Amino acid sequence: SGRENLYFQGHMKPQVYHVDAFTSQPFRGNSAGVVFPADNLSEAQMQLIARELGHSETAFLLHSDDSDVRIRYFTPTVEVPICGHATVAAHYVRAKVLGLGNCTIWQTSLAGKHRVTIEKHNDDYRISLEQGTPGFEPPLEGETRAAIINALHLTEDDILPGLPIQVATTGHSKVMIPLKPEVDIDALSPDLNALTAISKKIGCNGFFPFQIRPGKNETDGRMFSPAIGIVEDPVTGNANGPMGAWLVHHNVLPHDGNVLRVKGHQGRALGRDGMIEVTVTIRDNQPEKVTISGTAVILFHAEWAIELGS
């Protein structure tokens, strides 16, 4: 049963998958590694593997007693609690390998417990991640506002009217920067140092300038986080998830049911286009909770040719 499963995840030869998340187009989206089983691996070995692969992050699948699966996420230099694109990549590989079909499962990580939805359709899969409740910090103003706006080489004439530049979150905060549609978003070339400078002043390592497609509930954004290693992440679930919540919170986009659906595009300027389906369940015209969804494509997978363990 659950004892036989743990025995296998400790005696089977480890494998590695290379997948591009939030896209079905090879070489696009956000790439992430997935290695399993990892039960017979040390925090050190895992960190060494993530450094070897070089993806923004590699997900390691472990055995879980209460949940369906335990995942640990590693950047090439440090472990991280949870990661959006690496998570969809992980469950995409897990669905392919096990031929899961439509269902819902629970994962466990330093970020706690999360439910994931797997939807089979024409040989492929769409992965849904229930991010939970969103949060907003007081709108950034005065000198800081102008600091963020100037670091992007833009003027107040470029920001959507009546909308604030503020930190929104569903786990890993990001500063929402609402741009008018005329702004050439791909031509943006921020003053990276100025951004990390203000990230230390406000306590948010991510800036998310985005614009809304005319007459559509779709967006195009770019995620800059120079304060940390990542200069620009191709497609960020922790940016688009809170964006949708932010959209509902400020009634920026019209919603009819008890839900708001937004297709968040990202990564075009990087040549790594991706798309995250953001669905916000609404109650009392407020963003109750956020779910992000996307697909992925496996570039290749292989059984490690070297022994893994100590």
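Just count from 1 along the sequence shown to find any residue number.
J.: Taking the recorded C-alpha temperature factors, which stretch has the higher mean, 250-258 or 24-32?
T.: Mean C-alpha B-factor is greater for 250-258.
J.: Mean CA temperature factor from the deposited coordinates, higher in 163-171 or in 188-196?
T.: That would be 188-196.
J.: Between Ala44, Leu53, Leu62, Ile282, let me know which has the highest C-alpha B-factor in the entry?
T.: Of the candidates given, the C-alpha B-factor peaks at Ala44.
J.: Out of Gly142, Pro178, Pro234, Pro134, which one has a C-alpha B factor higher than all the others in the entry?
T.: Top of the list by C-alpha B-factor: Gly142.
J.: According to the PDB entry, is the CA B factor of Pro14 in the bottom, middle or top third of its chain, that is, lowest, middle or highest?
T.: It belongs to the middle third of the chain when residues are ordered by C-alpha B-factor.
J.: Quick one: classify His121 as lowest, middle or highest third of the chain based on its Cα B-factor.
T.: Highest third, going by the recorded CA B-factors of the chain.
J.: Sort the modelled residues of this chain by their C-alpha B factor and say whether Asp157 lands in the lowest, middle or highest third.
T.: Top third by C-alpha B-factor.
J.: When the modelled residues of the chain are sorted by Cα temperature factor, does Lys201 land in the lowest, middle or highest third?
T.: It belongs to the highest third of the chain when residues are ordered by C-alpha B-factor.
J.: Mind checking which third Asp220 falls in for C-alpha B-factor across the chain?
T.: Within its chain, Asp220 is a lowest-third residue by C-alpha B-factor, going by the deposited values.
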